[PDB]
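Participant: One structure follows; several queries about it will come next.
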Ligand SMILES: N=C(N)Nc1ccc(O)c(/C=N/CC/N=C/c2cc(NC(=N)N)ccc2O)c1
Ligand SMILES: [Ca+2]
Ligand SMILES: [Cu+2]
């Protein structure tokens, strides 16, 4: 997260860190046994880490649970990143409490202008590199589809939306990948892609979660 702020320990209870010996992606807990992330975050041997703030220090509220199965969206295209969403099932159900909680799925899509909360342990520099140990937060508005498409001609599909600032300076970045974009207590987006970080006229692009609720629910009900 570039140009954001320190969230505060466990203030984003649904935020998870996907670990394969090191943090490599964010994720969102949607129930005691499932996590939603980006398909481009796929890899084997994933351990889901819940209740995390400083990912390099055991602070007392963590729950480390290995993933038993990963399900990449049936239509995920790694070249265009269309349908950049993946479900991860935990080998054991997480113990839900005030610091480890699930985030609700949307009942309807959000609109341009809606203020949302984006979070993650990704790079904090627009130029250069610096990874934080504690969770970072950024409040940002969803941008109109027209402005998004104008920012990225020929690349924005109906399963994507832009959020952030066209002026730059505040955006998601490498490491935040797969993380949440929550608006009014609902998971509306997943950190998917962009061009560089916090660059002018290059806002972050996110997977439009509302288009996948049917698939998520049906998949969870049978796995
Ligand atoms: N675990 C692997 N080895 N795979 C892996 C997993 C996740 C990964 O992301 C990558 C690799 N990522 C390359 C860089 N992605 C930047 C990026 C930018 C933004 N936003 C922006 N405002 N530009 C959002 C998301 C992003 O990923 C490789
Ligand atoms: Ca920790
Ligand atoms: Cu990436």
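Residue numbers (the deposited numbering): 1 to 223.
Cβ atoms here follow ideal geometry from the backbone N, Cα and C, with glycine treated the same way.
Given 8 Å as the limit, is there contact between the region 47 to 66 and the region 74 to 93, that is, 3 or more CB pairs closer than that?
Facilitator: yes
Participant: Rounded to whole angstroms, what is the Cα-Cα separation between residue 72 and residue 80?
Facilitator: 15 Å
Participant: Which one of 222, 142, 124 has the shortest CA to CA distance from residue 132?
Facilitator: 124
Participant: Work out the CA separation of residue 164 and residue 31 for me, nearest whole Å.
Facilitator: 28 Å
Participant: Quick one: residues in its chain with C-beta nearer than 6 Å to the C-beta of residue 19, no 5 flanking neighbours on either side, listed in chain order?
Facilitator: 47, 49
Participant: Would you call the region 173 to 190 and the region 143 to 152 in contact, with 3 or more CB pairs under 8 Å?
Facilitator: no
Participant: By the 10 Å Cβ neighbour count, where 16 or more other Cβ atoms means buried, how is residue 107 classified, buried or exposed?
Facilitator: Burial call: exposed.
Participant: Please indicate yes or no: does the CB of residue 174 lie closer than 6 Å to some heavy atom of ligand 3?
Facilitator: yes
Participant: Along the chain, where does the beta strand (DSSP E) containing residue 48 start, and where does it finish?
Facilitator: 47 to 50
Participant: Can you look up residue 31 in the DSSP assignment and give me helix, strand or coil?
Facilitator: strand
Participant: Quick one, which of 98, 41, 60 has its alpha-carbon nearest residue 70's?
Facilitator: 41
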